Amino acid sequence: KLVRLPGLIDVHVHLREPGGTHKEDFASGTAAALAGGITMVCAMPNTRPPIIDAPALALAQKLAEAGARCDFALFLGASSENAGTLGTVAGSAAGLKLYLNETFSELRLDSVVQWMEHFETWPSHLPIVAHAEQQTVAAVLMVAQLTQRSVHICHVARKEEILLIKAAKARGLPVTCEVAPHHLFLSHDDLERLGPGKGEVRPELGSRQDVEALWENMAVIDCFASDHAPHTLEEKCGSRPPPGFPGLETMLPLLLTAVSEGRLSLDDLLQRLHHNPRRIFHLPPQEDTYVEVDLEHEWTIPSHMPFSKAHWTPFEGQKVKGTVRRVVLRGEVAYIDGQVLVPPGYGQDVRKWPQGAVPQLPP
């Protein structure tokens, strides 16, 4: 007996096109998404060229329309030069991404004043998300308060961070957050197995206490999002390993395993992979779209999942219970038991749908 889920949404993926297509491209990354029960993705802007201006966004839109197999929205990225220049294209993007710490990214900002400038100039009704670790969470929250608007914190990974966000929510501040599966299912205990190259990720893997704190504070977590960050094994194991894990194909099976163990409910999962992503990012419904999962099937994660070009996974060897059997996207069978059945180009930019524009007051 299969369980029918709505079309799940991942608000944090790196699809590497343009410029990093040996790691992933729209076609392979969205095949990975569908195999993971994900029908809509929001793609990050740290590509080459980075998506930090109108011409780069125009290029990315066309590459995505031609290559994507599931639906999508594209983030713009904040840079040290583009505050006040994105107004005409802002509404066409998923939101604005700020890179506020060292990571795989034309996009670290030099000064909190630059953060302020982005918060002041980006349209007030549109989403802003931040890579903001440890005290940077508190710093960007301060900027959001100074500018009287909301912020969403990407990949929360630490007890320190989730407790700070919890305190902010208790004070009624408009902040939301997401957590990635590696910060719920991996920890320092796994670094010996992974090694120092494969194990590189930002935020880094946490202690047992960090992981426990995220689970204990599930009520504070608004979304799950993979931070699918594919790099090849050669890159991960070479002399300058880039940070990041692939994750689209493993996220839902890991979380279904947790549901079957009673660690969170099916509803808790669907709030975090469907309803809250919709409402925070104003993402539209997908008509005649659903995912069928088998909650009884036990399997062990292999050394690589079938679709991501990363061709490795840090979850290798973990036992999971739960699998994606079928995905229907807008009335067409998109995935069945390991076979993707929609071509590159089937996916659409949801920000172009009438129902996908973010509502705003007449300007």
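For every residue, the number given is its place in the sequence shown, counted from 1.
Quiz item: Comparing 81-89 with 174-182, which has the greater mean CA B-factor as deposited?
Solution: Averaging CA B-factors over each stretch, the winner is 81-89.
Quiz prompt | 342-350 set against 5-13, stretch whose average Cα temperature factor tops the other in the entry | solution = Mean B over CA atoms: larger for 342-350.
Exercise. Sort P196, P230, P127, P243 by C-alpha B-factor from the entry and give me just the highest.
Key: Highest C-alpha B-factor among the listed residues goes to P196.
Exercise. Compare the CA B factors listed in the entry for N46, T39, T323, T313 and report the winner.
Key: Comparing C-alpha B-factors across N46, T39, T323, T313, the maximum falls on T323.
Quiz item: Which third of the chain does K166 land in by C-alpha B-factor: lowest, middle or highest?
Solution: CA B-factor rank for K166: lowest third.
Exercise. Taking the values exactly as deposited, rank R208 by C-alpha B-factor within its chain and report the matching third: lowest, middle or highest.
Key: Tercile = highest for this residue's CA B-factor.
Quiz prompt | Relative C-alpha B-factor of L266, binned into the chain's lowest, middle or highest third | solution = Middle third, going by the recorded CA B-factors of the chain.
Quiz item: Split the chain's modelled residues into thirds by Cα B-factor; is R108 in the lowest, middle or highest one?
Solution: Highest third - that is where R108 ends up once the chain's C-alpha B-factors are sorted.
Quiz item: Relative to the other modelled residues in the chain, which third contains the C-alpha temperature factor of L191: lowest, middle or highest?
Solution: For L191, whose C-alpha B-factor we compare with every modelled residue in the chain, the answer is the highest third.
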